[PDB]
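Novice: Here you go, one structure.
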Amino acid sequence: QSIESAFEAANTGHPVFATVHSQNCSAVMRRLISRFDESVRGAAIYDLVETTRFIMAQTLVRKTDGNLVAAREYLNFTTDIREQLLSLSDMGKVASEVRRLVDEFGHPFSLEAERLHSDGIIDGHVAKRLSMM
Amino acid sequence: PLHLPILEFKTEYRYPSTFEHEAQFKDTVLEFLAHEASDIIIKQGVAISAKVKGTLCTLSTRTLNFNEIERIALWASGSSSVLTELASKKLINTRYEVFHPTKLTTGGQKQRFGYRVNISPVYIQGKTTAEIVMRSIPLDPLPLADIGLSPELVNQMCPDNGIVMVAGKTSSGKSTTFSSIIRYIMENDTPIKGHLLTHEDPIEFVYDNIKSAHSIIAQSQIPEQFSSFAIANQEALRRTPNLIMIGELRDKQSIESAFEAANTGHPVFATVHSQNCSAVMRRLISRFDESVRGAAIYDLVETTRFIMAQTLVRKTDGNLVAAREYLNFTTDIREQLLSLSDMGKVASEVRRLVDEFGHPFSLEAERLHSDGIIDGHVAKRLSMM
Amino acid sequence: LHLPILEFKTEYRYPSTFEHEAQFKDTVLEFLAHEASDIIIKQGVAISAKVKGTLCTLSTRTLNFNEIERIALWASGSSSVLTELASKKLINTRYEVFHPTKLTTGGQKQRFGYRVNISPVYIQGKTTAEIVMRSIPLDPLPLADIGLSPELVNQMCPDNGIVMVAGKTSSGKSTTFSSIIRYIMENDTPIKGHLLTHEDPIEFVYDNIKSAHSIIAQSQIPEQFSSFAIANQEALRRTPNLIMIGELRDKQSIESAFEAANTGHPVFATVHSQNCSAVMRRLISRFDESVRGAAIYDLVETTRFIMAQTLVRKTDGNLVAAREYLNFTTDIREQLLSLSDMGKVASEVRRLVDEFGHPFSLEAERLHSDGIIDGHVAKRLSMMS
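Here it is in structure tokens:
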């Protein structure tokens with residue numbers, strides 16, 4: 255019911271900011287879809303792709319200092335990306351696709367870990383942990 | 003000085019030093035109303051602001067203290083226990099009418115503006131207050147020329163049967179479009195005449211002051227008179243309607259019900275939350291499982307007579323115009339979509355068909371921009387959809 | 004001065020203000036002189052009726068919410084109906100008007116029968132009722148008129164078990180069942196004796212059906228029994244040879260059907276379902292998983308015959324009933340029982356209707372070959388239902 259209310263607020267023309275307890279963007283999509291039964295699950299996937307504009311996953315990792323930094327995956331849902339997500343003939347794959355697309359067009363946790371690691375903000379170990387997210 | 007919301011110059015009033023009385027408050031309200039206000043917001047933290055031209059304007063830099071907002075709150079609520087109720091966690095929505103003395107109607111008596119007033123818990127500088135919000139309530143259906151529609155086009159939108167859909171993100175534009183179309187229906191000789199039911203969320207528009215030779219309208223409120231929209235339609239079948247404003251098509255059951263209504267005798271006006279006509283098609287089709295999806299596409303193509311997506315774009319001038327893309331589902335179009343082989347290309351092909359025979363968003367932006375109304379960039383965005 | 008059309012009067016002068024029921028019945032009779040089919044009473048406007056589809060009235064004068072109160076009292080079974088309206092109760096009943104001037108029947112008198120919706124509306128800030136009465140056929144229709152073969156309906160009248168006709172609300176299941184009962188008691192059929200019908204709105208009456216072997220009692224279900232559950236509990240207390248129950252809509256209705264059938268009665272049920280498989284699946288879904296096995300067994304064992312039916316418009320422009328049906332024989336039923344998985348029953352039933360029944364595809368083929376439906380219509384029938 256929360257996810258549906260977010261849908262309606264979005265489609266009634268309003269920015270909706272929402273928090274999700276998932277590890278990463280793929281996990282966000284999959285988790286959101288899990289809420290909806292198979293009978294409604296097509297409609298739900300279409301609503302979710304059509305209304306989503308942007309997905310950020312965050313985690314806290316240890317800086318070389320010992321302080322924490324927020325590493326972020328994000329995918330930005332351009333009209334291109336959403337058009338691509340809709341046209342996968344099987345929607346069981348949507349989540350997977352998102353991953354792919356995040357990898358191709360977004361800022362995956364691997365890329366963020368490379369980026370922190372190049373700036374020396376992060377060790378190799380937590381870099382590896384973080385890419386694995 | 004500090005960053006501030008915009009203040010338009012006042013009309014017929016000097017700003018109150020402090021909000022002492024409901025007549026002061028009302029005078030502020032109709033000053034706002036001169037600066038045509040979509041909505042008006044009272045919060046203690048900031049000066050009174052209203053949504054003029056879909057932006058936030060404030061009349062003075064002065065910021066109301068909590069007692070001001072308490073008084074205003076008790077005026078608009080009409081209940082002293084308001085914050086008492088707010089701790090009781092009862093949600094407080096009511097109506098607040100303000101009458102502008104000098105203005106009067108075509109006939110009528112005394113000019114009235116309704117507001118829907120929600121009073122909602124907020125939390126600020128460490129504790130609970132109320133925020134008040136007054137949404138202006140549309141007065142009467144606007145003439146079609148007034149809202150940018152030609153009598154011809156709406157003639158297209160007034161079939162003997164089937165489904166006319168208007169599509170958009172915001173409810174205001176749909177309510178306005180369909181209310182205008184219904185007033186035009188009542189006032190003119192048109193294929194669809196007789197009993198007109200509308201199943202509205204907030205009954206936005208009223209038809210008390212629309213003269214009809216041939217037609218009657220019955221309006222029913224969203225939650226409170228009819229619990230469901232399903233309930234309201236199922237009962238609608240019992241009401242010998244000559245046109246059914248169904249409300250939004252959302253779930254499989256809503257659009258199957260719409261199919262039902264159309265496939266008896268009488269027109270159905272539906273709104274859809276999608277950006278353009280192709281998007282309308284694709285979205286409605288989404289509601290249906292693979293196995294049922296063929297039958298569903300057949301029903302959708304055969305029942306549909308006309309699809310309008312509208313948006314609001316900002317003209318160079320400093321105002322908001324409705325951009326409309328529309329396709330009329332004439333028998334040729336319907337046959338062409340039925341003549342498809344995949345039948346899953348119906349969305350694409352509907353796009354193509356809007357390009358060929360409809361009014362695409364690109365053409366609408368080209369015509370708007372060709373005239374003074376919109377700049378090249380907003381025209382670009384408009385064509386993009 | 005703009006007005007809907009008003010009739011030339013036959014017999015009576017319009018009341019200054021509606022007070023007595025006899026004025027209202029007289030008005031209905033005036034409308035009937037003009038062969039008026041439906042009547043809308045609403046607050047803003049004069050009492051109107053649809054003559055040949057077009058709205059009309061007996062006077063320019065509008066009605067006060069008071070006389071809409073009165074009229075609502077008269078047409079509806081219940082008293083003080085507005086509180087029932089604010090209780091989100093759906094108020095459909097039936098209303099009868101006997102002809103004053105000794106218009107008599109083939110027998111002794113002549114009566115006119117009305118399906119009365121009362122619906123909540125919103126007028127000028129206030130909740131109201133709109134009333135709509137649709138003249139409805141009084142006597143069940145012969146099989147030939149609704150296109151049923153005596154052989155098939157004999158197929159569908161067991162000594163025991165459940166006969167279901169499924170369909171959309173606007174598909175005239177009630178008509179089918181009324182025809183089937185009239186034929187039941189007019190002909191020599193396996194089912195004879197005391198037949199009870201429980202009808203929300205009672206539509207058809209059997210007062211003019213002479214039977215050699217059977218008596219029929221009809222009970223209206225809001226007004227005479229508070230609930231369907233109560234009426235079915237009471238039905239067994241009586242000595243029924245056939246119980247036309249309600250829609251099978253929730254667990255309790257389905258269970259009442261189970262009880263009636265298992266105490267050795269034909270049970271006639273409607274289901275809100277597009278096809279037979281869909282009927283089975285829907286009924287099974289009503290039960291929790293813990294009880295759903297038992298419920299499935301009961302369902303297959305008590306079912307004797309399943310009809311889904313649609314009204315499809317035919318080449319002429321009029322509409323006829325397409326019917327898919329399966330007869331549940333001992334062999335069919337036991338074959339539904341003897342599955343590795345019972346959750347598959349629905350699927351199976353699909354299969355079975357294709358194999359042993361009259362599927363929608365076959366029905367569309369045979370309608371189309373005899374040139375009843377246009378080919379598009381046949382395709383739609385085959386696609387799903």
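Residue numbers (the deposited numbering), protein chains in the order written: chain E, 255 to 387; chain D, 3 to 387; chain C, 4 to 388. Virtual Cβ for every residue (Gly too), placed ideally from N, Cα, C.
1) For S288/C, report the span of its alpha helix (DSSP H) as first-last.
2) Apply the 10 Å Cβ neighbour rule to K92/D and answer buried if 16 or more other Cβ atoms are within range, or exposed otherwise.
3) Among residues of its own chain, excluding the 5 on either side of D41/D, which ones have a beta-carbon nearer than 8 Å to its beta-carbon?
4) Residues in the stretch 202-216 of chain D with C-beta within 7 Å of chain C's C-beta atoms, listed in sequence order?
5) For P204/C and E87/C, what's the separation of their Cα atoms in angstroms?
6) Interface residues of chain E around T172/D at Cβ under 8 Å?
7) Below 8 Å between beta carbons: does that hold for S276/D and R289/D?
8) Report buried or exposed for residue 389/D, applying the criterion of at least 16 other Cβ atoms within 10 angstroms of its Cβ.
9) Rounded to whole angstroms, what's the CA-CA distance from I184/D to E133/C? Just pull it up for me.
10) For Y328/E, would you say it is in contact with chain D, using Cβ-to-Cβ distances shorter than 8 Å as the test?
11) Could you tell me the distance, in whole angstroms, from the CA atom of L245/C to the CA atom of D377/C?
12) According to DSSP, is residue 396/C part of a helix, a strand, or is it coil?
13) In the DSSP assignment, find the unbroken beta strand (DSSP E) run with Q26/D in it and report its ends.
14) Could you please give me the residues that DSSP links to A324/C through a beta bridge?
15) Using a Cβ-Cβ cut-off of 6 Å (strictly less than) and excluding sequence neighbours within five positions of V124/D, which residues of its own chain qualify?
16) Just to confirm the assignment: which complete alpha helix (DSSP H) runs, minimum length 4, are found wholly within the stretch 199-278 of chain D?
17) Looking only at DSSP bridge pairs, what is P123/D linked to?
18) Here's the rule: buried if 16 or more other CB atoms are within 10 angstroms of the residue's CB, otherwise exposed. What is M159/C?
19) Counting only beta-carbon separations shorter than 8 Å, does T333/D have a partner in chain C?
20) Counting only Cβ pairs nearer than 9 Å, list the residues of chain C close to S229/D.
21) Please confirm if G296/E has its CB atom under 8 Å from at least one CB of chain D.
22) Nearest CA to the CA of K105/D: which residue from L35/D, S152/D, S122/D?
23) When you compare each of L32/D, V166/D, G110/D, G128/D to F101/D by their alpha carbons, which one comes out closest?
24) Measure the C-alpha to C-alpha separation of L384/E and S385/D and round it to an integer number of angstroms.
25) Which residues, taken in chain order from the stretch 372-385 of chain D, show a beta carbon closer than 8 Å to some beta carbon of chain E?
26) Tell me which same chain residues have a C-beta within less than 8 Å of the C-beta of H216/C, skipping the five on either side of it?
27) Which one of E327/D, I71/D, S177/D, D301/D has the shortest CA to CA distance from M345/D?
28) For the beta strand (DSSP E) containing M167/D, list its first residue and its last residue.
29) Could you work out which residue in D373/C, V380/C, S280/C, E292/C is closest to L355/C when comparing CA atoms only?
30) Return yes when the Cβ of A232/D is within less than 8 Å of the Cβ of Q255/D, no when it is not.
31) DSSP state of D41/C, grouped into three classes?
32) Against chain D, does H37/C count as a neighbour if the rule is that its beta carbon must be under 8 Å from one of theirs?
33) Per the DSSP calculation, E99/C is bridged to which residue(s)?
34) Are the beta-carbon atoms belonging to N163/C and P269/C less than 8 Å from one another?
35) Note down, in chain order, every chain E residue with its Cβ under 7 Å from the Cβ of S288/D.
36) Taking beta-carbon pairs under 9 Å, can you tell me which members of the stretch 173-196 of chain D lie near chain C?
Specialist: So, from the listed chains and residues:
1) For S288/C, the enclosing alpha helix (DSSP H) has its first and last residue at 279-288.
2) Label assigned to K92/D: exposed.
3) Answer for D41/D: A52, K53, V135, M136, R137, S138, listed in chain order.
4) Within the stretch 202-216 of chain D, the residues whose Cβ lies closer than 7 Å to some Cβ of chain C are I205, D210, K213, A215, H216, listed in chain order.
5) Going by C-alpha positions, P204/C is about 16 Å away from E87/C.
6) Contact of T172/D with chain E by beta-carbon distance below 8 Å involves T266, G267.
7) The beta carbons of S276/D and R289/D sit no closer together than 8 Å.
8) In the structure as shown, chain D starts at 3 and stops at 387, and residue 389/D therefore has no counterpart that could be examined.
9) Rounded to whole angstroms, the separation of the alpha carbons of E133/C and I184/D is 19 Å.
10) By the rule that beta-carbons nearer than 8 Å mark a contact, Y328/E does not touch chain D.
11) In this structure, the CA atom of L245/C is about 39 Å from the CA atom of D377/C.
12) This structure leaves residue 396/C out entirely; chain C is present only between 4 and 388.
13) From DSSP, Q26/D is part of no beta strand (DSSP E) but of the alpha helix (DSSP H) over 24-36.
14) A324/C pairs with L314/C.
15) Hits under 6 Å: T131, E133.
16) For the stretch 199-278 of chain D, whole alpha helix (DSSP H) runs of length 4 or above, ordered along the chain, are 232-238, 254-265.
17) Partner(s): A132/D.
18) Its Cβ being crowded by 16 or more others within 10 Å, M159/C is buried.
19) Nearest CB-CB separation between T333/D and chain C: not below the 8 Å threshold.
20) Chain C residues near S229/D: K91.
21) Yes, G296/E lies at the interface with chain D (some Cβ there is under 8 Å from its Cβ).
22) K105/D has its Cα closest to that of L35/D, out of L35/D, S152/D, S122/D.
23) Among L32/D, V166/D, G110/D, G128/D, the Cα nearest to that of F101/D belongs to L32/D.
24) Rounded to the nearest whole angstrom, the C-alpha separation of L384/E and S385/D is 42 Å.
25) Taking 8 Å as the upper bound on Cβ-Cβ separation, chain E lies near no residue of the stretch 372-385 of chain D.
26) Sequence-distant Cβ neighbours of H216/C in its own chain, meaning closer than 8 Å and more than five residues away, are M188, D191, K195, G196.
27) The shortest Cα separation from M345/D among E327/D, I71/D, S177/D, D301/D belongs to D301/D.
28) Counting along the chain, the beta strand (DSSP E) containing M167/D begins and ends at 165-169.
29) The shortest C-alpha to C-alpha distance from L355/C to any of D373/C, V380/C, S280/C, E292/C is the one to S280/C.
30) Inclusion of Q255/D and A232/D in the CB contact set at 8 Å is warranted, their separation being smaller than that value.
31) It is a strand residue.
32) No, its Cβ sits nowhere closer than 8 Å to a Cβ of chain D.
33) DSSP lists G116/C as the bridge partner or partners of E99/C.
34) Closer than 8 Å, so yes.
35) Neighbours of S288/D on chain E, chain order: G296, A297, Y300.
36) Answer in chain order: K195, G196.
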